[PDB]
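Participant: please find the sequence and an experimentally derived structure below.
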Amino acid sequence: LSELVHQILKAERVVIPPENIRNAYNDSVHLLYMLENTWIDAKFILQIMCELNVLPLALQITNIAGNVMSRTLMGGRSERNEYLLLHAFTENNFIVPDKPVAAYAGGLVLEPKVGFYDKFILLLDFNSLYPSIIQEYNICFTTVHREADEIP
Amino acid sequence: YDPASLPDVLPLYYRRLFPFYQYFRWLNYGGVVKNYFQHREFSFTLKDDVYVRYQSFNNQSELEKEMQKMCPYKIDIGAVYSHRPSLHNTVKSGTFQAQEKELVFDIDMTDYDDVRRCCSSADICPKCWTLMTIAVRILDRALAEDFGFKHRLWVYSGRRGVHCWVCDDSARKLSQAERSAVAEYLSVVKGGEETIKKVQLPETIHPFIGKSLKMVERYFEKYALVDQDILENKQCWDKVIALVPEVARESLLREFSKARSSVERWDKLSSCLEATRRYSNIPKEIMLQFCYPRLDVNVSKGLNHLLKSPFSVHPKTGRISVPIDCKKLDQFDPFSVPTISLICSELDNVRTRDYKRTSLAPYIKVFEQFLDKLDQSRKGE
RNA sequence: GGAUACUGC
DNA sequence: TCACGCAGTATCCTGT
Ligand SMILES: Nc1nc2c(ncn2[C@H]2C[C@H](O)[C@@H](COP(=O)(O)OP(=O)(O)OP(=O)(O)O)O2)c(=O)[nH]1
Ligand SMILES: [Mg+2]
Ligand SMILES: [Mg+2]
Ligand SMILES: [Zn+2]
């Protein structure tokens, strides 16, 4: 929480030692300070929530995918894509699979010419490479002919 | 003095007699270091033996307020920490560290019980106070000559002994190891109640021990041979015989059977030892075992040690922990020290000058001179 | 041979 | 009841 407050809200949060909470029951001022520290922690949590737009972004992602909001806010990526494809296939008159009850080559990294370059270097990057590959070459379940480790 | 009368008098004193201005001058040390007074630990002992620590204050006004509000029975000063003690709960574990504190010594008459004959336990009398009179001279000289500590405040503990606060900036930055080294260097009488011979000097007398024996000698005849009479009868001089080799013991006994005065017996013992040479230091070992100060290394080793505050009130004797002027040490009398009851009687018999009308004034004056010296050192430097 | 980290895309 | 892929660099250890 301290690091999150430091990096997002740009504020300093005081820490109550675990061994001092028990001893704080010896003066009214200290007990009130402890309660106010809890209040300030709650305020920090709410401010962090507001800053990142956790709730609106969760709603947008849930609407795009189609899962339940609590699942979206619990983290993870598999459920979102699972429900996205479930909706896409069901809408198009398909029978979806049944819920379950370095394995292949990846990208290519060119061998660099390590050194120092004092002139302009031009970086050319592809826009949404893999999604655009799926679109361009029409890679899908219903298009590629698989056979139950060779490239189709 | 009636200790049931303590709860009646404590507020008035803390309201109109406790020297808060000079107290803040002391613990604030000229404001040079920021947060110095604000990071100082205090501890209070209230009625019914209720103890509280990690008390810190923003400035003199806050201290005066919270003290007059609590009316504590005991005030102890502690270390200056890395942060304010009041917020120690807020400091991340391991980041709350005691960083600076005066170097302090506690000399307690109770630790001399096996070697004094006039009183026992918490009883003191004019015949035994000379021991404290010796200690202050033996120790303070070392602190002024061997270590070069220049600002030293000696304070009566209220009943059984004396404290010393060594407040030089160098002495306040000493680590735990350096403090333990200082304590062991000053310490000679080593051992508990189970050991009889507590001093075993080597063949070579270290200059410090020579100067401590020189200081002891000036007083020894009055303290040990006249007042204490450590050779009055057999039950006592048997001890001193027990402190020397058996070879001459018999030779001494017959001599002690023909002596009428303990001064005569001391002369005889010195002559016999001189006649008997590696034992030429045995009389010095006896003098040290009867006169040299005993120091609890645990009191001075730890940085986090809470020691009785100056100008405290002793829960039992009622005397004020007053500073002792080094020059007038020979005139100091622990029985004439103002009690809280006397100074409240004096107060209710006549704003920032009320204490000048009580018997407390010369002791606040000594404290003010000590603080003036500290201020001169802070400036000149 | 294995184990522990976290960058990149 | 869970959990995105792979390519790559850096550090450290192997007795009963
Ligand atoms: N499975 C997976 N693949 C990733 C991830 N990040 C990058 N990649 C892969 C797939 C991307 O198409 C490919 C290209 O990396 P980039 O960072 O340049 O992203 P991309 O080109 O898709 O879009 P962009 O250049 O930012 O407009 O790297 C990831 O988090 N998960
Ligand atoms: Mg790209
Ligand atoms: Mg290998
Ligand atoms: Zn006595």
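Facilitator: Happy to help now that I have it. Residues are numbered from 1 along each chain as shown, chains lettered A, B, ... in the order given. Ligands and ions are numbered 1, 2, ... in the order given.
Participant: counting residues, name the longest helix you see in chain B.
Facilitator: helix B:361-380 (DSSP state H).
Participant: identify each buried residue in that helix, please.
Facilitator: Residues B:363-364, B:366-367, B:370-371, B:374 are the ones in helix B:361-380 that count as buried (16 or more other CB atoms under 10 Å in any protein chain shown). All C-beta atoms are positioned from the backbone trio N, CA, C, and that covers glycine.
Participant: mind listing what the closest residue to DNA strand D within chain B touches?
Facilitator: Residue nearest to DNA strand D within chain B: residue B:94 (23.9 Å; CB to the nearest atom of the strand). If you count contacts by CB atoms under 8 Å, 6 or more residues apart in numbering or on different chains, residue B:94 has none.
Participant: hang on, the earlier thing: and the longest helix of chain B, how far out from the chain's middle?
Facilitator: 19 Å (CA atoms, centre = their mean, to the nearest Å).
Participant: would you put the C-alpha positions of that helix in CSV?
Facilitator: Only the C-alpha atoms of helix B:361-380 are listed here, as CSV (Å, rounded to 0.1, in the frame of the first residue of the first chain):
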residue,chain,number,x,y,z
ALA,B,361,18.1,28.8,44.5
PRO,B,362,21.8,28.0,44.8
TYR,B,363,21.3,24.7,43.1
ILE,B,364,19.5,26.2,40.2
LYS,B,365,22.4,28.7,40.2
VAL,B,366,24.9,25.9,39.8
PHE,B,367,22.8,24.4,37.1
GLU,B,368,22.7,27.8,35.3
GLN,B,369,26.5,28.1,35.5
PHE,B,370,26.8,24.6,34.0
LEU,B,371,24.4,25.6,31.2
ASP,B,372,26.3,28.8,30.7
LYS,B,373,29.5,26.8,30.2
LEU,B,374,27.7,24.6,27.7
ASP,B,375,26.5,27.6,25.8
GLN,B,376,30.0,29.1,25.7
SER,B,377,31.3,25.9,24.3
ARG,B,378,28.5,25.8,21.7
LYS,B,379,29.3,29.3,20.6
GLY,B,380,33.1,29.4,20.8
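Participant: who touches that helix?
Facilitator: Under the contact criterion CB under 8 Å, 6+ apart, helix B:361-380 has outside partners B:19, B:22, B:25-26, B:29-30, B:32, B:150-151, B:153, B:167-168, B:310, B:320, B:322-325, B:338, B:355.
Participant: please pick the buried ones from those.
Facilitator: Buried by 16+ other CB under 10 Å: B:19, B:22, B:25-26, B:29, B:150-151, B:153, B:167-168, B:310, B:320, B:322-325, B:338, B:355, out of these.
Participant: can you give me phi and psi for residue B:260?
Facilitator: When read as degrees, to the nearest 10, the backbone of residue B:260 gives phi -100, psi -20.
Participant: how about the residues of chain A by ligand 2?
Facilitator: A:125-126 (CB under 5 Å from the ion).
Participant: give me the number of residues near the residue of chain A found nearest ligand 4?
Facilitator: Closest to ligand 4 within chain A is residue A:26: 41.2 Å, counting by CB to the ion. Residues near residue A:26, counting by other CB atoms under 10 Å in any protein chain shown, number 14.
Participant: surely it touches residue B:53?
Facilitator: No. Contact between residue A:26 and residue B:53 fails when scored by CB atoms under 8 Å: they sit 9.9 Å apart.
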